[PDB]
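Values below: all heavy atoms of this structure, side chains included; hydrogens, waters and symmetry mates excluded. The sequence lines fix the lettering, A, B, ..., with proteins before strands; numbering per chain opens at 1.
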Amino acid sequence: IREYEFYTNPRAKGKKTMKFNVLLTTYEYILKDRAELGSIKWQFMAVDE
DNA sequence: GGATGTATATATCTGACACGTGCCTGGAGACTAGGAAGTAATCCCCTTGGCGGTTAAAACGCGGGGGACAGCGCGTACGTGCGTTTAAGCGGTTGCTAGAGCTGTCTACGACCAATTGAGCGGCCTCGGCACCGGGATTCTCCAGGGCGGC
């Protein structure tokens, strides 16, 4: 998911723009991948339950 | 008829009991201070019974070969016994010194107490270094015009 679907230009190494619109995830992968998801300029957060 | 085996009595040896004495250490009596028991408050860790999700460890099965074990041979090294040597064990000399025990004197060193202050613990601000964002320089892919060929 990370290197085939996050970025429009995943093979670059400078500023990588985002490709997806909405990312659905769970709490376990918020805790597991906070380093790879906290460094994203999110426009909206919706926390269910 | 003579000497031998055995029983009872008497003197001597030896461990144990009680008497005597010192002395010094434990006990009795009194006083005091502080160690610890008890109390209240605050805050953080542990308990018991659950749920959810990841995932790597645990469990199970199976094939195969490496290793444990048994047996056998062999040769060597240790046990065994005897004769010989030697040194341990005991008793002994002869002086001097080390050390335990006791008594005595004294002095420097450590306990103790009051005042002081400066080194240890916590937080706060700043720097060294790492990292995020904006701007300039360099290289790669591409769309269109000019020229040539065919019916």
Side-chain angles (χ1 to χ4, degrees), chain A residues 1-46 48-49:
Chain A
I1 299 154
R2 199 173 316 132
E3 61 96 19
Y4 287 163
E5 216 164 4
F6 285 173
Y7 320 109
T8 308
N9 57 5
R11 298 284 75 78
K13 65 181 72 65
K15 182 63 69 178
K16 290 186 176 183
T17 182
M18 291 312 146
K19 196 166 75 176
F20 59 95
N21 285 336
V22 191
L23 183 133
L24 289 160
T25 184
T26 64
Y27 313 110
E28 292 88 48
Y29 303 116
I30 289 298
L31 267 76
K32 272 193 170 198
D33 286 349
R34 59 162 322 185
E36 294 156 343
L37 289 155
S39 70
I40 293 179
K41 295 299 289 317
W42 300 105
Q43 296 205 339
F44 195 63
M45 184 180 287
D48 188 25
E49 297 200 14

How far apart are the closest heavy atoms of A:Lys19 and A:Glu5, and which atoms are they? CE-O, 3.6 Å

Check this for me: A:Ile1, atom CD1, are more than 12 non-hydrogen atoms of other residues, nucleotides or ligands nearer than 6.0 Å? no

Please name the pair of heavy atoms, one in A:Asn9 and one in A:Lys16, separated by the smallest distance, quoted to 0.1 Å. OD1-CA, 3.6 Å

Listed by chain and number, what are the side-chain hydrogen bond (donor to acceptor under 3.5 Å, both in side chains) partners of A:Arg34, not counting sequence neighbours? none

At a cut-off of 3.5 Å, list every protein nitrogen or oxygen paired with a nitrogen or oxygen from nucleotides 131-133 of chain B, distance to 0.1 Å.
{"from": "B:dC133", "atom 1": "OP2", "to": "A:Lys15", "atom 2": "NZ", "distance (Å)": "2.9"}

When you compare the protein's N or O atoms with those of nucleotides 51-54 of chain B, which come within less than 3.5 Å of each other, and at what distance?
{"from": "B:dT54", "atom 1": "OP1", "to": "A:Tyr29", "atom 2": "OH", "distance (Å)": "3.0"}
{"from": "B:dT54", "atom 1": "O5'", "to": "A:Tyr29", "atom 2": "OH", "distance (Å)": "3.3"}
{"from": "B:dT54", "atom 1": "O3'", "to": "A:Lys32", "atom 2": "NZ", "distance (Å)": "2.7"}

With north defined by a positive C1'-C2'-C3'-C4' torsion and south by a negative one, B:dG104 has a sugar that is south

Write down the distance separating the P atoms in B:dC23 and B:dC102, rounded off to the nearest Å. 12 Å

When rounded to the nearest 0.5 angstrom, what distance separates OG1 in A:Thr26 from CG in A:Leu31? 9.5 Å

Show each protein N/O and nucleotides 137-139 of chain B N/O combination with a separation under 3.5 Å, one pair to a line.
none

Please identify each residue that fulfils side-chain contact (heavy atoms from CB on, under 4.5 Å) with A:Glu36, with sequence neighbours left out. A:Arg2, A:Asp33

For residues A:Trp42 and A:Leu37, determine if any side-chain heavy atom of one lies less than 4.5 Å from a side-chain heavy atom of the other. yes

In terms of hydrophobic clustering (I, L, V, M, F, W, Y; side-chain heavy atoms under 4.5 Å; direct or indirect links), are A:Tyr7 and A:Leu23 co-clustered? yes

Which atoms form the tightest heavy-atom contact between A:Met18 and A:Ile40, and what is the distance? CE-CG1, 4.2 Å

Can you tell me which stems DNA chain B forms, taking runs of 3 or more consecutive Watson-Crick or G-U pairs with both distances under 3.5 Å? none

